[PDB]
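Numbered from 1 within each chain, the chains take letters A, B, ... in sequence-line order.
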Protein chains: 2
Amino acid sequence: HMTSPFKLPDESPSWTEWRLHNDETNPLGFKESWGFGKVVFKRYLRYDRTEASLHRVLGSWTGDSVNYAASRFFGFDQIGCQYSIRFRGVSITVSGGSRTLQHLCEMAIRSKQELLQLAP
Amino acid sequence: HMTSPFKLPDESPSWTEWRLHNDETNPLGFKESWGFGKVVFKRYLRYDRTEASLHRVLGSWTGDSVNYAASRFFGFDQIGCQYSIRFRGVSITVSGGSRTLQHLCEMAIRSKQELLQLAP
RNA sequence: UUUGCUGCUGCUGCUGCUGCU
RNA sequence: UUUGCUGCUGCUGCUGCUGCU
């Protein structure tokens, strides 16, 4: 078991749940991922566009959680790191080498927030 | 001559200029691009981290300029659109289908600004 | 604008490398 | 953390398509 950058578990909806959601309604949430070298950790999280929910999903990873997970993969040569998020058909990615990871985190967290607060 | 999304011309430094810059000093600027289907338009722009300069480079494209350039490429099937920017070893990308382009623009402009205002 | 996955398409991004500039 | 380009590497992102879920 590798250690993930994430502090919340995955919330991927089942196929049945997704169909039921489509018949009765606005996505159920958003997808995000962190990639270090060749390893990618992924989350689907429920998000309902309220403030409480935004605050919850914003705690799904931190500088520290990403750094502890990422450093597992560090070597002589710098590795590529990447955060990806998709909400409503819009994807943001923030990437660079492992030496920039603090800065990637900084931009990822703003991006996640800008995207999730974006009006339809 | 295709029509570009950009309102400023490219400012790529020569190899000699770049060497001279490296011997005497902090990058000379940043790189950005807009991709519609298979066509990508690219800029290198000088940016010195002042407010006046930030304002100048922020005018290098607009919603309208991106839309007029992009619509050249629209068909039956939605196309993939993407804005990419790299400054100080950190790359942001904003992508999606052509139906989301207004929203991509909205997130691209914020991203460009967050990244260029980021402290080293 | 959509749950998760398979295989294909075209175009980016990032990492490392290469040769010129 | 770096001007622009050539060719290679590995991993994403996006578009369209596919078969299951």
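Under a 3.5 Å cut-off, the side chain of B:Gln82 and the backbone N or O of B:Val94 do not form any donor-acceptor pair.
Nucleotide D:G4 holds its P atom 12 Å from the CG atom of B:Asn22, rounded to whole Å. As rounded to whole Å, 14 Å separates atom P of C:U3 from atom CZ of A:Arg19. Computed from coordinates, the A:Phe30 CZ to C:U3 P distance equals 12 Å when rounded to whole Å. As rounded to whole Å, 11 Å separates atom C1' of D:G4 from atom NZ of B:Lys42. Per the geometry, CD belonging to B:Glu17 stands 17 Å off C1' belonging to D:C5, to the nearest Å. A straight line from CG of A:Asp23 to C1' of C:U3 spans 13 Å, rounded to a whole angstrom. Atom pair B:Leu45:CG and D:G4:P shows a separation of 11 Å (rounding to whole Å applied). Rounded to whole angstrom, the span from the CZ atom of A:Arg43 across to the P atom of C:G4 amounts to 13 Å.
Mapped onto RNA chain D by nearest heavy atom, A:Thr100 and B:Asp10 fall at different nucleotides, with A:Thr100 at the one closer to the 5' end. When the nearest nucleotides of RNA chain D are assigned to B:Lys31 and A:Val40 by heavy-atom distance, the more 5′-ward of the two goes with B:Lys31.
Residues A:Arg19 and A:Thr16 have side chains that bring a donor and an acceptor to within less than 3.5 angstrom of each other. There is a side-chain donor-acceptor pair under 3.5 Å between A:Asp48 and A:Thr50.
The side-chain heavy atoms of B:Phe6 and B:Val66, taken from C-beta on, include no pair separated by under 4.5 Å. Side-chain contact between B:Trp34 and B:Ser65 is absent, with no heavy atoms from C-beta onward closer than 4.5 Å.
Distance noted for atom P between C:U2 and D:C20: 23 Å (whole Å). Comparing D:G10 with C:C5, their P atoms sit 22 Å apart, to the nearest whole Å. Comparing the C1' positions of D:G19 and C:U1 gives a spacing of 23 Å, expressed to the nearest Å.
Consecutive Watson-Crick or G-U pairs involving RNA chain D, each under 3.5 Å on both distances, never reach a stem of three or more pairs.
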List the steps, then state whether side chain to side chain donor-acceptor pair (under 3.5 Å) holds for B:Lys112 with B:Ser60. CA-CA 11 Å; B:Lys112 179 181 178 163; B:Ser60 76; 2.9 Å; yes
For nucleotides 14-21 of chain D, just jot down a letter per nucleotide in 5' to 3' order: B, S or -, based on protein non-hydrogen atoms under 4.0 Å. SSS----B
Please list, one pair per line, the donor and acceptor atoms closer than 3.5 Å that link side chains of residues 69-77 of chain B to other protein atoms, with sequence neighbours excluded.
unit_1	atom_1	unit_2	atom_2	d
B:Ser71	OG	B:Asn67	O	3.1
B:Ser71	OG	B:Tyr68	O	3.2

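No contact: A:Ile92 has no heavy atom under 4.0 Å from any strand.
Residues A:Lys42 and A:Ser33 come closest through the heavy atom pair CG-CB, 4.0 Å. When all heavy atoms of B:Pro5 and B:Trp61 are compared, the closest pair comes out as O-CB, 3.5 Å.
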